[PDB]
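Chemist: Can you keep this structure in mind? I'll have questions shortly.
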Amino acid sequence: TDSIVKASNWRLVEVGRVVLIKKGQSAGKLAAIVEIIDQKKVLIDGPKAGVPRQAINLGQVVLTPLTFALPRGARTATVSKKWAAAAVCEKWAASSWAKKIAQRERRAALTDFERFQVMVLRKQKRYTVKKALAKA
Amino acid sequence: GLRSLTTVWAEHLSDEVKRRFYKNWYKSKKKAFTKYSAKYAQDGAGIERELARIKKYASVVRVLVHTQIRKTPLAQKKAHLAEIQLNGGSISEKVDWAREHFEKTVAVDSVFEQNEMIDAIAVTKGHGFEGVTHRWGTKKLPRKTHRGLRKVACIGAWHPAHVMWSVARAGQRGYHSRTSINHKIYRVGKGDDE
Amino acid sequence: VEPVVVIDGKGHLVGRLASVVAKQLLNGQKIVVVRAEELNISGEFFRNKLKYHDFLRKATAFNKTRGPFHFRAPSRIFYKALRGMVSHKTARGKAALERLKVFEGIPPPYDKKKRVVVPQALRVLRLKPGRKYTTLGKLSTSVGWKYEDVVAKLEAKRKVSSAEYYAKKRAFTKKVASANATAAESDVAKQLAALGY
Amino acid sequence: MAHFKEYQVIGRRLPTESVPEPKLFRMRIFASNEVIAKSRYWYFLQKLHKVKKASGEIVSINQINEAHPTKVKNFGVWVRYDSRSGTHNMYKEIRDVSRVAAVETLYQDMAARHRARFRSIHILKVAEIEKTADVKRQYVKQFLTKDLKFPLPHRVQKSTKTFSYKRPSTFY
Amino acid sequence: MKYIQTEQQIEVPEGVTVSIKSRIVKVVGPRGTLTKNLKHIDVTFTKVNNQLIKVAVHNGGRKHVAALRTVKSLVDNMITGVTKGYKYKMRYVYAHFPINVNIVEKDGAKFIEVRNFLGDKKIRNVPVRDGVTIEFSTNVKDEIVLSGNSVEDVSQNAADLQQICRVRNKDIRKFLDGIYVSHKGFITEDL
RNA sequence: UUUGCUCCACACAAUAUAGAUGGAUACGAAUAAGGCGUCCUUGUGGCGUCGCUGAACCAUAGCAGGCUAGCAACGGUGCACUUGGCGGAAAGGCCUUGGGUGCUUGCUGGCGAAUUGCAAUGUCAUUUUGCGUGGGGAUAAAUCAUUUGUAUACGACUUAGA
RNA sequence: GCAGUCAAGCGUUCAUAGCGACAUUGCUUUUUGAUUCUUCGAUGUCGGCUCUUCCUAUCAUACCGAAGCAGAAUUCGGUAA
RNA sequence: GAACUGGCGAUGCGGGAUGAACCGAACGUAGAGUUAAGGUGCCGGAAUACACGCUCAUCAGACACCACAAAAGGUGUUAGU
RNA sequence: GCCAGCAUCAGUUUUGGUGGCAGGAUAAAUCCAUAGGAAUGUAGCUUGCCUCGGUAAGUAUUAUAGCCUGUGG
């Protein structure tokens, strides 16, 4: 007999929390919320990801699940250091999120001949998967 | 809203009711209810078909009824075919009671008692194109007036520049339904009985 | 973007869901709002019933008939306010009003069939949390709509004769998953996720 | 008004044979352009001194930058809005990154809460606070606390299309 | 001003265990259990240890924030009656006509019956709610007592009891007759 | 009263299209929360995980998709027979067995496509009706005139009549 | 014509239960003035009779506050046409 | 009923829903483009744009001329001194 | 004659990209050196709770995180 109170599992905005950006230059790029001005305004920075130091609007940025240790204030070199220590981007492209993105840039970058292949190969596959959908 | 989805009549039909389905009885070949009558040969499979069809669905049974017209003094012969809502328990009981009573009679006393309070409904005695004074209750104008007593004066005001719905005018009086209630019952009679 | 389009009102906003469907329309987009009895509106239940209250007194004097008909029936309502925004009294109008049906509760030739939403017209993204809101459900009742409970039964139903469509579409799609990893490392499936997929 | 630019405008009072070298007046301005500025300029001097766009002239008109823009500062600000009636003074505080928001944000705030305009507000003085605490109004002090953190609940997402397939969501 | 974050602490006493998913609460305990909905409110309940629960409000406008200190007191008032239990004593009062109160049962039902009130031939009938019991306390001339878990069926059942006996067309002050909520406490004594 | 009418067919003529040109692709509930998988005491339970828009998912190669030969598979899907079930809220649809038989782009081939002349929508949908050949079925009312008076200005109503 | 605001006073005693001076802000178009926009190739002038309908600034009837409401009787007030 | 000017009457055009007079701008017949005054959820061509605030109104509010509202009050909420 | 298709030009426009330069405090910054600074004080340390220690609570100026303010380039 214990209480149990679901949870309510949010992503905070705080020093560190790292943000994909969606607008606008940056867009599609990871940055670290450094200071935190108010409810909707925050001071962003991402030297590694090609991102300037900027006071953005917490609508034009989205909170990633990643985060890291980062001290308050810290300037652009100091963020760049904490960045490969925790090694940000290597956790990021490991998630489904960055993969879903890199999947779709790929589908956009497909060529008229490649799109013909993928139908040939999907036809290969339908077959075999339809296979065991009969035995089992 | 209710929507009628069945009609299951009897094998046999008394010829009263048949005649209801004609304007010209004497000239007809009198075909009504001879291909439905078959349907009752087929045990009656096509027949539990619909009764089972009600049971499955349907929130509301209603017996179709008609009157013993020629067993009474009137000059009619064509009976009055009504609709009756049943009020017992369960849908299956209700169609089941009917199934037992197809071509079966039902005398007042299954329905009415002494000391019940009934609600009677009729098309009220008709009178024709009656004047406003009697159709309405409007006061007669004085002896004096020209062009006629038995009218309403102001039919309506300057504006709302149209004669209104809520004034009084000559037309049909009588021949209206009308559901007056609480018509204590004083006697349940039996033909039968000198 | 399709021939038909089955929206499910629920969590809507007459009002907004309102438009979009009139706009559409005038652009050839046969639409078919359902469910509805579960519409919604800004404002504490009370009002609106106040609001309602009027578009009720407004009559015609001289013959209560021939005047502005006050429907009750969620449906109708949505309708109306839809409408108002579609110039009827012309032809292009009308040729518009046809395209659009509407029912409270998903009957048949739709309960099948899929349905969608209209984000930009969802309470739940328009409003701010804390603001009171309605439910054409009540509303309709309350200004007299004999039938809300007959819908609300045929709902209990089809929320099932659905589910059990479901727990069956779902034990399927799952085997297809435990019989879709046997064949894929296959050769066909690595080239593939290079192009993509 | 628009977006601002700090400005330094260093007028004179036209030289005379009589009074050569006629004392030079600096004013930090919070305007849209160098036309503003030279304007917003003379308006204030015709209130302290005996000059005008004539008996004058504008010597310099230098954009000024923030030094540390980057740097989140706490701007107290003082303000003389007129109202509908009399006139009032104020001391608002505005957490922001640079002057040239401290004046923008302010004007929007003095608009919304008090229905004033650019017409009717004099931004008496602006002053980066150095230390917290000299900070005195709860809607700033709220944010200067121990390792601060908060969620962004009820996230609504923004779509382009008309229709959608899912029925959303507001998790975050 | 749009406070950034509030909180309180519901002190969990032992006995009791309060499951919570969404904003359905379930007061499990010694005397029974109790449940409640709060979908209407918008708060984030958060466990720290059996003994403690922190009900927050992130970015609340002042009217949102009073709804945070009520919630707390709402979840306390399902803990309390669930352990110590409530007891809403009621004394009768009368310058002349003696009020006679009884309990009948017509179809289930549990009706307080309230007779000869100011020598009305009327009968006043209150419906006793569920959760709650009615005692005519001996030792105390005249003392109907309502004793449940909740507070927020009891104090009402009582309140109605007190309110079915309002005087009509007299000056309040002469005619002080009626049934009244003198006592409020718990089933358990000492506390 | 000109050998009509009804159902399924197909032949030919027409006559329209508020507007096919791969596919309207089925949980329910809450959003200060849920999905999906999994373990368990079957619970508001533990553990993992996903979203961050369908840019998805299904179908999709063959003269507008031809005639043909094999290899690998025992699957996919069209078309028509039939077993058994579900559904009435407008059911007028959905699933499933057992066959009869095509096409199979699952991998490999071989013939043909031209001159529609450098583009011309380059016509392959689905509306309703009419006229005849040919395969099953059925074999009536109503109106007037006459008549009644529970009806009635007249029409209407109500009855009567081999 | 019907209503507000302050409150010198009245109301035994106490400004406001009920009233309310000096002041002052309104609404209304059932008074009457002012005006002369419409009509002088005509809009049938008064009042009564008759008959619908609307307004509420409610006399009565329903349910409640308030009193200088002990009960009876009566006064102010609400939602109400 | 006077003064200064500009209008209308003698003047369409787009805009104020509608309207001599207000805002735009003053006209040969047509073609492209740009705007004015007004606007851009839908009637309706055009952002259910972006940004920061205030407001829940058991009679909300909504844009100059213009088709109204005041004095006086509110521990309803927001900044202030 | 009728109806269009492309090309390369004219006239008038519209909608994009991309670079070279000239200013500004010869942008300001960040970055490197060089001085001062503080706290919502990181580490060490000390004190008290407390499941073998991490919370606190101090203290304190870069140390086993960094932060601000200026000079010079």
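In the structure tokens, each chain is lettered A, B, ... as it comes, each chain's residues begin at 1, and ligands are numbered from 1 in order of appearance.
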Would you give me, as a list in words, the residues of chain B that come within 9 Å of chain G, using only C-alpha atoms (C1' of nucleotides)?

Modeler: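 The contacting residues on chain B are residues 138, 139, 140, 141, 142, 151, 152, 153, 154, 155, 156, 157, 160, 164, 165, 166, 167 and 168 of chain B.
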
Chemist: Name the residues in contact with residue 142 in chain D at a cut-off of 9 Å, using only C-alpha atoms (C1' of nucleotides), excluding same-chain residues fewer than 5 positions from it; report them as a CSV table (one decimal) with N, CA and C atoms, in the first residue's frame.

Modeler:
chain,number,residue,atom,x,y,z
D,137,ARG,N,10.4,44.9,-7.7
D,137,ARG,CA,9.0,44.5,-8.2
D,137,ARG,C,9.0,43.1,-8.6
E,3,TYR,N,2.0,34.3,-11.8
E,3,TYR,CA,3.2,33.8,-11.1
E,3,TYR,C,3.8,32.6,-11.9
E,4,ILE,N,5.1,32.5,-11.8
E,4,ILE,CA,5.9,31.5,-12.6
E,4,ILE,C,5.6,30.1,-12.1
E,5,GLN,N,5.6,29.9,-10.8
E,5,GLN,CA,5.3,28.6,-10.2
E,5,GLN,C,4.9,28.6,-8.8

Chemist: I'd like the contact shell of range 75-91 of chain B - 12 Å cut-off, only C-alpha atoms (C1' of nucleotides), skipping same-chain residues fewer than 2 positions apart - returned as an NGL selection string.

Modeler: (:B and (4 or 7 or 13-25 or 51-73 or 93-98 or 111)) or (:F and (148-150 or 158-160))

Chemist: Compute the chain H side of the contact with chain C at 7 Å, counting only C-alpha atoms (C1' of nucleotides), and hand it back as a ChimeraX atom specification.

Modeler: /H:41-43,48,58

Chemist: Once DSSP has gone over the backbone, tell me which residues of range 132-181 of chain B are in helix (DSSP H, G or I), as a ChimeraX atom specification.

Modeler: /B:132-136

Chemist: Check which residues of chain A sit at most 12 Å from chain H using only C-alpha atoms (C1' of nucleotides), and return one row each with the closest pair of atoms and their distance in Å to one decimal, ordered by chain and rising number, as CSV.

Modeler:
residue,atom,partner,partner_atom,distance
A:23,CA,H:50,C1',10.9
A:39,CA,H:52,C1',11.9
A:40,CA,H:52,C1',10.1
A:41,CA,H:52,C1',10.8
A:56,CA,H:51,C1',11.7
A:57,CA,H:51,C1',9.5
A:59,CA,H:51,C1',10.5
A:60,CA,H:50,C1',10.4

Chemist: For residue 8 in chain H, list every protein, DNA or RNA residue within 12 Å, evaluated using only C-alpha atoms (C1' of nucleotides), and leave out those in the same chain fewer than 3 positions away; present the list as a PDB file with C-alpha atoms (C1' of nucleotides), in the first residue's frame.

Modeler:
ATOM      1  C1'   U H  11     -19.456  64.798 -60.507  1.00  0.00           C
ATOM      2  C1'   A H  20     -25.741  64.841 -52.220  1.00  0.00           C
ATOM      3  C1'   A H  21     -21.563  66.886 -49.119  1.00  0.00           C
ATOM      4  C1'   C H  22     -16.786  62.571 -44.992  1.00  0.00           C
TER       5        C H  22
END
